[PDB]
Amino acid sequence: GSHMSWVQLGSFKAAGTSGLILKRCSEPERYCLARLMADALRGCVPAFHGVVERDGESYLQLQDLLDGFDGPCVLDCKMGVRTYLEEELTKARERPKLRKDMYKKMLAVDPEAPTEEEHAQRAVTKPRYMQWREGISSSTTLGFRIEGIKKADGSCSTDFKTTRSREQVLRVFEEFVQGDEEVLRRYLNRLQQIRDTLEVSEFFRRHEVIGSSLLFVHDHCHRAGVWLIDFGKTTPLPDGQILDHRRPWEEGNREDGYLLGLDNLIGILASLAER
């Protein structure tokens, strides 16, 4: 029905207009959503209606993706082999900010993961933490990871930090769709059409897409949709330079593995459909 309904039961606020939601404005994301409304990917992203002022702060006015659903189930999938900008590697070499928060979450999952010096510091750099997170999840090997589920029973979970194997990922989607063959068929048709759109998009060949998600939404009436969201770390390549979005990332090449991820995700859902 609406996201703010679920919120009530960080960057999001309720809109006055029915079927809309407000997200805190960031300049990279505003730039991206403006370009996307004129791109092949227009129908694969939430409608962007412009910027509004609320309590002396700027908000993006977005389509509420939950509006058309009756008690929506939601799964957020972070896309890419890399989840941080290359500039973070330069900042950590020249002038590191030590993160005590990030050391604690590391310790919790694997006490043996931090180095002798990190244990002494009780702190790690951002790129070190994010690379570790990529390696214990499916990010490094499959090019995507499950971040969270919000269920129609009001229950939610973010307990997926060690979901890594192809079969572990398949079991999360198996539980999410609860044997609804129509929802799974509609998700697979939508992902195939999104892949075709990405492969011809003028926006996609010219931009590094880091930290974006695919948002899966379905309901008990068998309605099913998928959209790209979160363009806060999506940046244009210099000159007339393009990415293939499949080849491995090496510092300098700005590759994101986005389509390696989408290829693997379609393969897993196609496998699940034949079980």
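Heads up: residue numbers just count along the shown sequence, starting at 1. So that the term is clear: the rigid core is the largest set of C-alpha atoms that superpose within 1.5 Å between two forms.
Exercise. What stretch shows more C-alpha movement in 8 other deposited structures of this protein relative to this form, 174 to 182 or 145 to 153, after the core is superposed?
Worked result: Of 174 to 182 and 145 to 153, the stretch deviating more in 8 other deposited structures of this protein is 145 to 153.
Problem set entry | Segment of greater CA departure in 8 other deposited structures of this protein, 100 to 108 or 71 to 79, core superposed | This comes out as 100 to 108, the stretch further from the shown form in 8 other deposited structures of this protein.
Exercise. Taking the other compared PDB entries with both flanking residues modelled, is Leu9 unmodelled in at least a third?
Worked result: yes, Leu9 frequently unmodelled elsewhere, at least a third of entries.
Exercise. Per the record, how many residues of the deposited chain fall between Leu9 and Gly10 without being modelled: none, 1 to 3, 4 to 9, or 10 or more?
Worked result: Unresolved stretch here: 4 to 9 residues.
Exercise. So 199 to 207 or 108 to 116, which one's hotter by mean CA B-factor in the entry?
Worked result: Higher mean C-alpha B-factor in the PDB entry: 108 to 116.
For this session: Taking the mean of the C-alpha B-factors per stretch from the entry, tell me the winner out of 117 to 125 and 179 to 187.
Result: Of 179 to 187 and 117 to 125, the stretch with the higher C-alpha B-factor average is 117 to 125.
Exercise. Among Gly143, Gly154, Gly148, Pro72, which residue carries the highest C-alpha B-factor recorded in the PDB entry?
Worked result: The C-alpha B-factor peaks, among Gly143, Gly154, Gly148, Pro72, at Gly154.
Problem set entry | C-alpha B-factor winner, where the candidates are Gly232, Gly225, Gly240, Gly43 | In this record, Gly240 carries the highest C-alpha B-factor of the candidates.
Exercise. When the modelled residues of the chain are sorted by Cα temperature factor, does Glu174 land in the lowest, middle or highest third?
Worked result: CA B-factor rank for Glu174: middle third.
Exercise. Taking the C-alpha B-factors as the PDB entry records them, is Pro96 in the lowest, middle or highest third of its chain?
Worked result: For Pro96, whose C-alpha B-factor we compare with every modelled residue in the chain, the answer is the highest third.
For this session: Grab the CA temperature factor for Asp219 from the record and place it in the lowest, middle or highest third of its chain.
Result: It falls in the bottom third of the chain.
For this session: Compare the C-alpha B factor of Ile21 with those of the other modelled residues in its chain, then answer lowest, middle or highest third.
Result: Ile21: CA B-factor falls in the middle third of its chain.
Exercise. Compared with the other modelled residues in the chain, in which third is the CA B-factor of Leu65?
Worked result: Bottom third by C-alpha B-factor.
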